[PDB]
Amino acid sequence: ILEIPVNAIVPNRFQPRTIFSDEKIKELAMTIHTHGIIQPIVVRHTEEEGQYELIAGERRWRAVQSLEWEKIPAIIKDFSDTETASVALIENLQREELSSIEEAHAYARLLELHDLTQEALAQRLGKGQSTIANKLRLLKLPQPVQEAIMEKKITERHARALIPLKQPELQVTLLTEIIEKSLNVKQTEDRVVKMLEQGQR
Amino acid sequence: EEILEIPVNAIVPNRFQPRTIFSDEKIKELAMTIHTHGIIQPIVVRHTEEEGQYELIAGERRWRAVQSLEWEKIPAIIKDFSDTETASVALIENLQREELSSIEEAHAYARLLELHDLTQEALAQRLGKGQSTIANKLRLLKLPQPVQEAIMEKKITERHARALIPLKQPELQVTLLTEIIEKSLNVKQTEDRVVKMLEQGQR
DNA sequence: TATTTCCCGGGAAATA
DNA sequence: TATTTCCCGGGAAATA
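Protein sequence lines correspond, in order, to chains A and B.
The numbers in the first sequence follow UniProt numbering, run straight up by one, and end at 230.
The numbers in the second sequence follow UniProt numbering, run straight up by one, and end at 230.
Right, dumping it as structure tokens:
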């Protein structure tokens with residue numbers, strides 16, 4: 030038995046997220062408030078270190094979330110015969126892909142250090158000179174926008190669509206609107222066009 | 028160029044490269060390809076600060092395969108690269124990461140479904156994908172081996188191979204595969220070329 | 001391994 | 001090199 034952070038636990042990832050009745054949870058939380066915690070939750074380790082995935086006791090975990098405890102008693106499971114092999118597969122599938130700005134910084138360094146042409150770099154990476162150029166352009170964008178690219182909140186084309194505005198204040202404005210209204214790039218491109226007619230008036 | 032045999036014990040991973048994670052099965056799969064035909068693409072290394080010790084530049088995967096095969100020696104190409112060159116070679120490789128082919132993913136999905144007795148829905152949930160995306164990959168496993176190789180060798184795209192499935196006859200599919208390559212057909216054309224061949228099945 | 005339809009961002013050709 | 005244009009396969013919603 031181990032006490033683990035309530036924030037570290039996530040529901041069973043293969044199953045759909047369960048939705049419990051507030052009354053049934055309150056009814057369970059009142060059973061914990063009276064008699065205490067009686068059965069610890071069962072979890073395992075995720076790909077990340079500080080993070081656990083719930084196997085059993087999702088109901089009890091939710092009860093202690095509402096009771097606002099920082100810690101929850103838990104039983105860790107150390108499975109290998111299948112788990113470790115499958116975790117290797119799922120990780121080999123969900124390979125961590127570098128963001129536009131990450132690549133842009135990588136391209137910038139490679140061009141500075143080894144005095145390469147964009148053509149030369151594009152050749153090596155099996156890409157078009159224009160693809161390299163349009164990534165490097167993103168480096169001129171405001172740091173808030175660059176973070177949104179990294180945090181994968183927006184796509185490359187989203188950030189590219191902001192470049193024409195040229196004014197950092199106008200860009201960070203739309204960035205928040207893109208996220209809040211979940212705008213696609215086609216919408217984002219139009220939203221820019223319309224703001225460059227408000228620049229005329 | 029020049030190939031030389033060096034001690035497996037003398038080689039260390041690329042400093043600037045992040046600590047790689049390889050599947051024991053994928054390594055064993057490579058080691059068994061070396062054990063059978065007795066041929067390896069030689070690793071690229073350089074000399075360290077110490078003598079008789081080499082630092083790996085490329086081919087960490089192949090080096091690991093020969094470690095498990097328990098050979099004392101590994102064919103290698105020495106390069107006089109500076110800490111900057113070595114670091115940039117690590118970057119360019121970290122950029123041009125080998126992305127898994129449709130068939131590779133299909134085989135991965137099939138195993139994951141066999142192992143954990145999961146639904147396609149369940150797997151799709153875990154991988155953050157749509158049930159249909161999982162289904163349509165697994166479908167490719169029914170295609171002729173020539174077509175499956177073309178996917179792997181990246182001669183055609185997933186959607187190309189998917190478009191062949193309706194031509195339920197393996198002979199008709201391998202026919203179009205060659206036509207897709209020869210005429211450099213996109214998927215839209217390949218879909219039409221199939222429709223037209225299912226009116227030649229009527230005639 | 002169920003299949004069809006089709007929207008949309010990657011990314012490169014065209015262009016400056 | 002930097003910028004504009006826009007085609008097309010990934011991949012998921014819909015599934016006469």
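C-beta: ideal position from N, C-alpha, C; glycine also.
* Helix, strand or coil for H143 (chain B) per DSSP? -> Numbered from 1 along the second sequence, position 116 holds the residue referred to as residue 143 (chain B). Note: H143 (chain B) maps to coil in three-state DSSP.
* **Contact check, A114 (chain B) vs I54 (chain B), beta carbons under 7 Å** => As a position in the second sequence, residue 114 (chain B) is number 87, starting the count at 1. As a position in the second sequence, residue 54 (chain B) is number 27, starting the count at 1. Their beta carbons are not under 7 Å apart, which means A114 (chain B) does not touch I54 (chain B) by this criterion.
* Asked: Would you call the segment 168 to 187 of chain B and the segment 142 to 156 of chain B touching, i.e. three or more CB-CB distances under 8 Å?
  -> no
* Asked: Which runs of the alpha helix (DSSP H) spanning at least 4 residues fall entirely within the segment 42 to 94 of chain A, listed in chain order?
  -> 51 to 64
* To do: List the endpoints of the continuous beta strand (DSSP E) containing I105 (chain A).
  => Position 76 of the first sequence holds residue 105 (chain A). Segment 100 to 105, the beta strand (DSSP E) holding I105 (chain A).
* To do: State buried or exposed for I208 (chain B), treating a residue as buried only when at least 16 other CB atoms are found within 10 Å of its CB.
  => In the second sequence, the residue the question calls residue 208 (chain B) occupies position 181. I208 (chain B) is exposed by the Cβ-count criterion.
* Put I119 (chain B) into one of helix, strand or coil per three-state DSSP. => Within the second sequence, residue 119 (chain B) is the residue found at index 92, counting from 1. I119 (chain B): helix per DSSP, three-state reduction.
* Cα-Cα, which of B:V71, B:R46, B:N213 is closest to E29 (chain B)? -> In the second sequence, counting from the first residue as 1, residue 29 (chain B) sits at position 2. Looking at the Cα atoms, B:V71 is the closest of the given residues.
* Asked: Skipping 5 residues on each side, what residues in its chain have a beta carbon closer than 6 Å to that of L57 (chain A)?
  -> By one-based count along the first sequence, residue 57 (chain A) stands at place 28. Within the same chain, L57 (chain A) has close Cβ partners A92.
* To do: Pull out every residue of the segment 100 to 112 of chain A whose Cβ sits closer than 7 Å to any Cβ of chain B, in chain order.
  => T111
* Where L145 (chain B) and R166 (chain B) are concerned, what is the direct C-alpha to C-alpha distance, given to the nearest angstrom? -> For the purposes of this step, residue 145 (chain B) is taken as residue 118 along the second sequence, with counting starting at 1. For the purposes of this step, residue 166 (chain B) is taken as residue 139 along the second sequence, with counting starting at 1. Their backbone Cα atoms lie some 17 Å apart in a straight line.
* Asked: Taking the continuous beta strand (DSSP E) assigned at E32 (chain B), which residues delimit it?
  -> Along the second sequence, read from residue 1 onward, the residue named residue 32 (chain B) stands at position 5. Looking at the DSSP string, the run of the beta strand (DSSP E) that includes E32 (chain B) is 31 to 34.
* To do: Please list the residues of the segment 116 to 140 of chain B that have a C-beta atom closer than 8 Å to any C-beta atom in chain A, keeping them in chain order.
  => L118, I119, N121, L122, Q123, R124, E126, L127, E132, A135, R138, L139
* Asked: Between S129 (chain B) and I178 (chain B), is the Cβ-Cβ spacing less than 7 Å?
  -> Working through the second sequence from its first residue, we reach residue 129 (chain B) at position 102. Working through the second sequence from its first residue, we reach residue 178 (chain B) at position 151. Contact flag set, yes.
* If you run the structure through DSSP and keep just helix, strand and coil, what is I183 (chain A)? -> Residue numbering aside, residue 183 (chain A) sits at position 154 when the first sequence is read from its first letter. Note: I183 (chain A) maps to coil in three-state DSSP.
* To do: Please list the residues of the UniProt DNA-binding region "H-T-H motif" (148 to 167) of chain B that have a C-beta atom closer than 7 Å to any C-beta atom in chain A, keeping them in chain order.
  => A149, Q152, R153, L154
* Is it a yes or a no for the segment 103 to 121 of chain A touching the segment 31 to 51 of chain B, going by three-plus beta-carbon pairs under 8 Å? -> yes
* Asked: Between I161 (chain B) and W90 (chain B), which are expected to be in contact by the criterion C-beta below 8 Å, what is the C-beta distance as a whole number of angstroms?
  -> Within the second sequence, the letter at position 134 stands for residue 161 (chain B). Within the second sequence, the letter at position 63 stands for residue 90 (chain B). Actually they are not in contact, since the Cβ atoms of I161 (chain B) and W90 (chain B) sit about 34 Å apart, beyond 8 Å.
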